Amino acid sequence: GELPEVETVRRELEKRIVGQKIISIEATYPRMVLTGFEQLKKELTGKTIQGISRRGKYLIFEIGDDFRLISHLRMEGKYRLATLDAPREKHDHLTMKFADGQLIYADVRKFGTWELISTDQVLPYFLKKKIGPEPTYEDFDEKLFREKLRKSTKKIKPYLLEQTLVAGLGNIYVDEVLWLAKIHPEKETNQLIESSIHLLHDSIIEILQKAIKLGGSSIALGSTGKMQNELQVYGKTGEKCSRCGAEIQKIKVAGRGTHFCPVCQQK
DNA sequence: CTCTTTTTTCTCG
DNA sequence: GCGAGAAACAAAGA
Ligand SMILES: [Zn+2]
């Protein structure tokens, strides 16, 4: 669940639940509500959903007039809109019941989280998380990006995954971005020349923007994406690179599975 | 049976 | 502060 997948979920939710009054909230796994489930149930029951926003890989439900429910899907979180009589599935943990349907949150690994905070605490919340800029030409400044890369000895893939240089990249799109920009994942950032940094900056924006347009990569809301048919290296071990023909290899970098073309991504 | 594979954040040294 | 390794947790494959 990287930025593209989260944005796809945000869009579907925006089109379907905005304006809906929450009738009741139930939980079989209350511990995933970091701010306290009973407190959330008390505060949100009877309130109306005003909108759905996103920051990085974080979903933000705008409920009532001053409430903000921050939701992170982590690795396996999935939302689905179902009928009120829908049977329970093994990994369903929370449900927001409406008059003519319910929003169910499921997460096999139980990594996902819910946090209820106030409207004026959202900006501070993300500053504390140290989340970087959104991947858009408007917010992602190439100049600062370049300066941070020049001052570090960190490897490019692990650094990009930190969410500090830019928000939204996960294992899938970081591998796709580096292949597009012809940069090896273990390259120390202070070794990147200006032309490469420029290509990388543009590629981060292009790949993520393309993934959003195609509804993310599907493998519930959002399982309609088509980006998985556009992947050039992630999970393509042993296949031929679409540019040079060499076999895509898979190695481990900072503990993460890493796919790359040994020819196009030198070093 | 064991070992490995698949976002965020903390413990070590 | 950093890098290495791993925990949180569940399922499936070698
Ligand atoms: Zn290649």
Side-chain angles (χ1 to χ4, degrees), chain A residues 1-10 27-35 37 54-60 69-79 88-94 104-115 117 125-132 134-135 148-178 185-191 204 208 211 216-220 222-223 225 227-228 231 233-239 248-260:
Chain A
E2 298 169 56
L3 187 149
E5 292 68 43
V6 178
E7 173 66 17
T8 302
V9 173
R10 187 200 72 74
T28 52
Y29 191 59
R31 300 228 259 73
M32 70 163 281
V33 179
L34 307 187
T35 49
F37 175 66
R54 176 190 59 63
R55 181 71 173 95
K57 298 169 197 173
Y58 292 79
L59 276 179
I60 305 164
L69 180 53
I70 307 297
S71 167
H72 199 297
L73 311 172
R74 290 295 185 102
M75 294 294 284
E76 301 293 326
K78 293 176 177 56
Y79 280 103
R88 289 271 106 283
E89 276 174 35
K90 186 179 185 181
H91 302 295
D92 294 342
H93 304 308
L94 309 167
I104 303 164
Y105 181 74
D107 191 333
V108 176
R109 303 185 70 184
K110 291 181 174 68
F111 293 167
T113 62
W114 266 26
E115 283 170 293
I117 64 175
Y125 176 93
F126 289 114
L127 288 177
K128 185 175 180 179
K129 295 292 183 187
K130 295 184 182 177
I131 306 299
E134 287 297 311
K148 289 190 172 185
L149 293 176
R150 291 183 180 173
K151 295 181 176 178
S152 184
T153 55
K154 294 182 178 174
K155 297 174 179 178
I156 186 67
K157 172 161 175 176
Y159 202 173
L160 285 168
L161 289 173
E162 280 182 35
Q163 304 305 107
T164 57
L165 294 166
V166 61
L169 293 168
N171 208 42
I172 298 182
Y173 299 114
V174 66
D175 275 6
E176 292 297 309
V177 161
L178 295 177
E186 296 180 301
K187 179 73 54 50
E188 298 187 307
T189 72
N190 57 35
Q191 281 178 40
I204 289 169
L208 295 179
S217 301
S218 301
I219 305 300
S223 13
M227 186 62 185
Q228 62 295 327
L231 299 179
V233 291
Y234 184 79
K236 301 301 180 181
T237 309
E239 295 177 57
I248 300 303
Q249 301 297 339
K250 179 178 180 182
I251 60 172
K252 230 167 184 176
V253 178
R256 301 300 291 281
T258 306
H259 313 72
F260 73 99

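Throughout, protein chains are lettered first and strands after them, A, B, ... in sequence-line order, and every chain is numbered starting at 1.
- Of the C1' atoms belonging to B:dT4 and C:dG5, the separation is 15 Å, rounded to the nearest Å.
- Among residues two or more places apart in sequence or in another chain, the side-chain hydrogen bond (donor to acceptor under 3.5 Å, both in side chains) test is passed with A:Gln249 by none.
- For the pair A:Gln228 CD and B:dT6 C1', the computed distance is 17 Å after rounding to whole Å.
- Nearest heavy atom pair, residue A:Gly216 against residue A:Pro4, reads CA-CB, 4.3 Å.
- Taking atom CD on A:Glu162 and atom P on B:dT9, their separation rounds to 12 Å, with Å as the unit.
- Residues that satisfy the side-chain hydrogen bond (donor to acceptor under 3.5 Å, both in side chains) test with A:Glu7, not counting sequence neighbours, are A:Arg10, A:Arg11, A:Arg54.
- Listed pair A:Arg256 / B:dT6 fails the phosphate criterion, with no side-chain N or O lying under 4.0 Å from OP1 or OP2.
- With sequence neighbours excluded, no residue forms a salt bridge (charged side-chain N to carboxylate O under 4.0 Å, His left out) with A:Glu188.
- With sequence neighbours excluded, the residues forming a side chain to side chain contact (heavy atoms under 4.5 Å, CB included) with A:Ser217 are A:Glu5, A:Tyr173, A:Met227, A:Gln228, A:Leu231, listed by chain and number.
- Under the rule for a side chain to side chain contact (heavy atoms under 4.5 Å, CB included), the partners of A:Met32 that lie at least two apart in sequence or sit in another chain are A:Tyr29, A:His93, A:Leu94, A:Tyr105, A:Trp114.
- Whole-Å rounding puts the A:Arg55 CZ to B:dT8 P distance at 12 Å.
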| Per-nucleotide protein contact string for nucleotides 7-14 of chain C, where B marks a base within reach and S marks sugar-phosphate only (heavy atoms under 4.0 Å, - for neither) | -BBBS---

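- Residue A:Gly112 is classed as having no contact, given no heavy-atom separation below 4.0 Å to the nucleic acid.
- Residue pairs that meet the salt bridge (charged side-chain N to carboxylate O under 4.0 Å, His left out) test with at least one member in residues 157-171 of chain A, sequence neighbours left out, are A:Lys154-A:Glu162, A:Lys157-A:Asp175.
- Checked against side chain to side chain contact (heavy atoms under 4.5 Å, CB included), A:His72 has the following partners two or more places apart in sequence or in another chain: A:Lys57, A:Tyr58, A:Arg74, A:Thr113.
- Listed by chain and number, the residues in a side-chain hydrogen bond (donor to acceptor under 3.5 Å, both in side chains) with A:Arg109 amount to none (sequence neighbours excluded).
- Residue-level contact check: A:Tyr234 touches the backbone only, with heavy atoms under 4.0 Å from sugar-phosphate atoms and none from bases.
- Rounded to a whole Å, the CD atom of A:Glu186 is 13 Å from the P atom of C:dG3.
- A salt bridge links A:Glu134 with A:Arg55; the closest basic N to acidic carboxylate O contact falls under 4.0 Å.
- Regarding A:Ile131, its CD1 atom lies at a distance of 7 Å from the P atom of B:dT9, rounded to whole Å.
- Between the CG atom of A:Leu34 and the P atom of B:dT8 there is a distance of 14 Å, rounded to whole Å.
- Put simply, CG on A:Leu161 is 14 Å from P on C:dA4, counting in whole angstrom units.
- Remark: A:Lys57 is in phosphate contact with B:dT8, judged by side-chain N or O atoms under 4.0 Å from OP1 or OP2.
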At a cut-off of 3.5 Å, list every protein nitrogen or oxygen paired with a nitrogen or oxygen from nucleotides 2-5 of chain B, distance to 0.1 Å.
from: B:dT5; atom 1: OP2; to: A:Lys252; atom 2: NZ; distance (Å): 2.7

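- Distance noted for atom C1' between C:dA6 and B:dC3: 15 Å (whole Å).
- Annotation: side chain to side chain contact (heavy atoms under 4.5 Å, CB included) contacts of A:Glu239 (sequence neighbours excluded): A:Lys236.
- In this structure, A:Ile70 places its CD1 atom 15 Å from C1' of B:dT8, rounding to the nearest Å.
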Using atom names, set out every protein N or O paired with an N or O of nucleotides 10-13 of chain B below 3.5 Å, distance rounded to 0.1 Å.
none

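- Within the nucleic acid shown, A:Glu76 has no heavy atom closer than 4.0 Å to any nucleic acid atom.
- Atom CZ of A:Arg31 is surrounded by 12 or fewer heavy atoms from other residues, nucleotides or ligands within 6.0 Å.
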